[PDB]
Each structure stands twice: as C-alpha cells, then as structure tokens.
Amino acid sequence: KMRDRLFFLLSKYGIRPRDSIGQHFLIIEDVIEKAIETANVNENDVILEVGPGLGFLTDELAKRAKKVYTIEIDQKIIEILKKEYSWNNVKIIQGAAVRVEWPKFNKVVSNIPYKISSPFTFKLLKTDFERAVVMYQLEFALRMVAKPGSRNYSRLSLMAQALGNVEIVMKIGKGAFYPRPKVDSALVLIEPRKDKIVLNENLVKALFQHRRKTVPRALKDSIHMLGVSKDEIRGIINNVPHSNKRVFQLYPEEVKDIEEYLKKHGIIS
Ligand SMILES: CSC[C@H]1O[C@@H](n2cnc3c(N)ncnc32)[C@H](O)[C@@H]1O
Ligand SMILES: [Zn+2]
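Everything in the sequence shown is counted per the working numbering, starting at 438 for the first residue and increasing by one.
As structure tokens, then:
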C-alpha cells in the first residue's frame, strides 16, 4: 500500500531524488513497525526525527509521541508534508540537523543519511536521551557496534559504547527504498549506560589519530609536551595502563584507567 502511496506523491510534486543529500526513500511497513516498536514510543515522548522526507515514519510518530520535532533541508520536502499530511503534534524546522540548534527530546527515531551519520551521532552522545533508534548505512552501523580490537573499531565505537548500549536490531535490504540505495540499511538501538563512562574528549581524539598504534606510542606521538620534560614522560610512558595494547583494542573502561593514570601524574587536569 505504502509502496503505491509513495508513487502518487512522487510526480504529484516533482523532486529528482538526489544522492547529493542521500535521498533514498523507505517503502516497507514491517521496517517502520520495528523501529517504532524498538523505541516503544508512548505519549510522554518528546521525539527527534531527522530528514523526514514525505514522512511515513514521521506519520507513526504523530499518532503516538507527545511532541515530534523534525528537521529537513530540501525546502521542497518540508512543504510536501504540510499539504499531504495534517499533523497536530508535529514541528518541522529548516536547516541541516548538523548545525541547527536542537529542541528538547528524550527519545530519537530517524533514518540518518550517509553524509551526516558521523557528526550527528557524536552531537547526539553529548545529549540526554532515554533512548535512540536510528537507521544507518550498514558500513557505519557495524562501525558503531564493533567490538574492541576489531577491524573497524573507531573513536565513534568507543564514544557510543562509553555512553550506552548499541544493538543492531534488523538489517534492512535496499529493496525498501526508491531510489534503491547502493548499500544496505541497518537499525541501531542506543540505551545509555545507567552510569556512563565519561572520557576526556581531547585524550580520546589524541589516541585515535592513528588507532592502530600501541598506547605507549600513540601517547608518545600525541604527548603535546604540555610543559613536561623527557625523562619523566619516557617514564610515565612505561607505566601507562595497557601499554601492551594498540589503541583500537582499548575498552572504554581502559581509556578511563589511562585517563586517571595521566591525571594523577599531572598531565591533563
Ligand atoms: C530519510 S530519506 C532522506 C531525507 O533526508 C533529508 N536530509 C538529507 N540531508 C539532511 C540534513 N543534513 N538535514 C536534514 N535532512 C536531511 C533529505 O532531504 C531527504 O528528505
Ligand atoms: Zn597510522
């Protein structure tokens, strides 16, 4: 139904779906019914969607969530909503959710596009939220859930898992979109740890400059010698926790040991 309900809004309004802003458009109901479920959206929820499009997942959010803020950037799309859909608890904004200043929200539900997967998720970790269901280009979402020491374990992996609990729920065939995307979708859940692990951002970044470096060397190299001499550092080097491991093998737990180790030696705060 939705399959055919797209096509009567397609050339009803007339956008060429550009992959300049990752315009692929979802058309499977058993994929909206799994996110909305996963999020468990009740009527006390201040939601955040991003890149609503022509809003079928936006739709479901209305008929549950308390307040839905949504952010779209194709000023054409922004309007197509208002005519095609009369919503009583919706709130659309102009801009790229990248930079625009965000409302209040406890949950998030959105298909995040390829170009803004990375900076988005980051901003999103510095926020309160009870919960986050988010759709991703598979390559990225695997990246989120990577285990320590795995092929692709990234700063993002650390940072995400440090805050919360990152489960892939369903992979999603590109057969769900017109246009068909180049790669598959996947669905990530984020439940923030009851007690977070609060890493120094700068440190985390210093280490992950070259993430396949041994901790001793990734520190040697991003020791900005912040007012510190040589015989002390190349001592302090030796005893840094996990001076075996390559940076990309570190668990968040262990980034913290290093953190306080360094802290308790005079080196960042
Ligand atoms: C979910 S289908 C893709 C949708 O995401 C929107 N989109 C792409 N990039 C951004 C962005 N930076 N901010 C907000 N919406 C975006 C596109 O305009 C399209 O409607
Ligand atoms: Zn390197």
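Here a beta-carbon is modelled for each residue, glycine too, at the ideal position from N, C-alpha and C.
| query | result |
| --- | --- |
| Complete runs of the alpha helix (DSSP H) confined to the stretch 619 to 679 [at least 4 residues] | 638 to 644, 652 to 658 and 667 to 676 |
| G612: CB within 7 Å of a non-hydrogen atom of ligand 1 | no |
| DSSP bridge partner residues for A569 (one or two, in chain order) | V545 and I627 |
| Cβ-Cβ distance between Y573 and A623 below 8 Å | yes |
| Assigned secondary structure, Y615 (DSSP; H/G/I helix, E/B strand, else coil) | strand |
| Residue interval of the beta strand (DSSP E) (run including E486) | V483 to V487 |
| Cβ shell of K693 (< 7 Å), same chain only, five flanking positions each side left out | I634 and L636 |
| Residues of its chain near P616, where Cβ-Cβ distance is below 6 Å and the 5 sequence neighbours each way are ignored | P454 and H461 |
| For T564, three-class secondary structure by DSSP | coil |
| C-beta contact flag for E509 and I529 at 8 Å | yes |
| Member of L447, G459 and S448 whose CA lies at the smallest distance from the CA of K619 | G459 |
| Own chain residues within Cβ distance below 7 Å of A476, not counting five before or after | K544, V546, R568 and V570 |
| Ligand 2 heavy atom lying under 7 Å from the CB of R588 | no |
| Cβ distance (whole Å) where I514 is taken to contact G490 below 8 Å | 6 Å |
| For review: beta carbons within less than 7 Å of any heavy atom in ligand 2 | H647, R649 and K650 |
| Which of helix, strand or coil DSSP assigns to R442 | helix |
| Straight-line Cα distance separating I473 from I609 | 15 Å |
| Check: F559 C-beta below 7 Å from any heavy atom of ligand 1 | no |
| Neighbourhood of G612 by C-beta distance below 7 Å, restricted to the same chain and skipping five residues each side | none |
| Short Cβ contact (8 Å threshold) for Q598 with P678 | no |
| Test item: CB-CB of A502 and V478 under 8 Å | yes |
| Cα-Cα separation between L494 and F614, rounded to whole angstroms | 13 Å |
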